[PDB]
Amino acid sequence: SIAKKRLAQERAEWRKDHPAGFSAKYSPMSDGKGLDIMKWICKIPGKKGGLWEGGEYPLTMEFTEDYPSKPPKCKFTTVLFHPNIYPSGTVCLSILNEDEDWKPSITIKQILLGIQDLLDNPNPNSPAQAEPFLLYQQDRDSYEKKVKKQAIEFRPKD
């Protein structure tokens, strides 16, 4: 399997060197036996200095056997109040779109860093979630207030 060979390489390279505060692991098999290389459970820290700082945002990455020709579906497991996150949790981002900027050479680290950056830099051309898209425009101060509040709720649980 080209997909599983690449995923094992991505995981090995991730364990050797990855950005602090991030996590990217195989998710547990539903039957309890072993790990699912095709579905990763990840965590993204809010970037320092931005509205999401202090929060830890869990996300899944789902791969198919067409990986790396096909990008993973990346989904926050709790939907974030952000214009480019679908109500499903799916991240709307051009490097995650096969027909836009996805390339087989894109790494897991590049995906997670790209999503972290997206959090701080909403894209007005790709609205995916009505309420944060509208609030961002109606009153950015109020948008900031809501995001900061959510960031506190996503601080790692004590």
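Start at 1 and count along the sequence shown; that's the residue number.
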Checklist outcome for this item: The stretch whose C-alpha atoms carry the larger average B-factor in the entry, 99-107 or 54-62, is 99-107
Checklist entry - So which stretch wins on mean C-alpha B-factor, 6-14 or 133-141? => result 6-14
Checklist entry - If you compare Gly89, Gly46, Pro68, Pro122, which has the highest Cα B-factor in the entry? => result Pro68
Item to check | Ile41 CA temperature factor, ranked by third within the chain | outcome: middle
Checklist entry - If you rank every modelled residue in this chain by C-alpha B factor, which third holds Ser94: lowest, middle or highest? => result middle
